[PDB]
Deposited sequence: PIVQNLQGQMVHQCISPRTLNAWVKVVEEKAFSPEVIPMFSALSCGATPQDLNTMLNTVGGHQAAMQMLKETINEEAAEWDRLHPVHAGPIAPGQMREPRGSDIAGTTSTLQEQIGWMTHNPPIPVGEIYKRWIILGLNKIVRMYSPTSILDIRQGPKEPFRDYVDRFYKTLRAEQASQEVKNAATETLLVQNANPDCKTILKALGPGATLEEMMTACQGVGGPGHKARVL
């Protein structure tokens, strides 16, 4: 990645083994759980297109998802070349941002220019777009199938509810609807009677306290 040294200039630094290991382990352990994407974004802080490709190439399995990810990158690269037709500096095309037709020197050039062209940030945006598709596709359960067991604590039910809601990545209005209707409705009779006794417009804290 590109960091700031003691001379106040933005220089290139080799990606650390600790970062390399952290990214590999979180993929082997958490697969494509929703929380993997923020971890990726954090581990790839200030990363160059080369570094981003390095992290992606270090992934062992999940080659179906990696292939889908390439297609997403291809779609976004094409759109970039459409919205950007061709001592003024040469602006990057789609392949330059993806680190395919650009070198490390050229990547540093764009990122440290004034004004900068954050090829690393643009590329990462493309990648996260693809990772969002994969997470949603690999989502095991629908929000409709989340039902509180007769012996399940309310907390463990709400946990599975919002974990599912997060992975499904539905629209904002849809998430609101599921919270209002599905959450209360699909609770066991014991909790639902208590929840309805608190009236509409009750906070989640009030709901979970009453069913503790």
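Where are the holes in the model when you compare it to the deposited sequence?
Holes in the chain trace, numbered from 1: 87-93, 220-231.
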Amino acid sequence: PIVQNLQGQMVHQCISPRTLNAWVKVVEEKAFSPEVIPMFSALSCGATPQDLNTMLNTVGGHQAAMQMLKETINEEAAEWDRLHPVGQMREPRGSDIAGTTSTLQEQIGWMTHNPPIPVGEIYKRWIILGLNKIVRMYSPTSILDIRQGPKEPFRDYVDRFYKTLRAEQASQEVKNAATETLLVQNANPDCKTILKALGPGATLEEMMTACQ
From here on, numbers count along this sequence of modelled residues.
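By rigid core we mean the largest C-alpha set that fits within 1.5 Å across both forms.
Between 181-189 and 62-70, which one strays more from this form in 6 other deposited structures of this protein if you match the rigid core and compare Cα atoms?
When 181-189 and 62-70 are compared in 6 other deposited structures of this protein, 181-189 lies farther out.
Do the Cα atoms of 132-140 or of 88-96 sit farther, on average, from the shown structure in 6 other deposited structures of this protein when the rigid core is superposed?
With the rigid core superposed, the C-alphas that lie farther in 6 other deposited structures of this protein are those of 88-96.
What about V36, left without coordinates in a third or more of the other entries of this protein that model its neighbours?
Residue status for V36: no gap in any other entry.
Tell me whether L6 is absent from the model in at least one third of the other entries compared, counting only those where the residues either side are present.
Counting only entries that model residues on both sides, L6 is unresolved in at least a third of them.
Averaging only over Cα atoms, indicate whether 95-103 or 111-119 has the higher B-factor in the PDB entry.
According to the PDB entry, the answer is 111-119.
Got a sec? Mean C-alpha B-factor, which is higher, 51-59 or 179-187?
On average, C-alpha B-factors are higher across 179-187.
Could you tell me which one of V174, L43, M66, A167 shows the highest CA temperature factor in the PDB record?
Max CA B-factor in the entry, restricted to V174, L43, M66, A167: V174.
Highest recorded C-alpha temperature factor, please, choosing from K70, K30, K151, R147.
Comparing C-alpha B-factors across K70, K30, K151, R147, the top value belongs to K151.
Split the chain's modelled residues into thirds by Cα B-factor; is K124 in the lowest, middle or highest one?
It falls in the bottom third of the chain.
Among the modelled residues of its chain, does the C-alpha B-factor of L83 lie in the lowest, middle or highest third?
Within its chain, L83 is a highest-third residue by C-alpha B-factor, going by the deposited values.
Can you tell me whether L131 has a C-alpha B-factor in the lowest, middle or highest third compared with the other modelled residues of the same chain?
Ranked within chain, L131 CA B lands in the lowest tercile.
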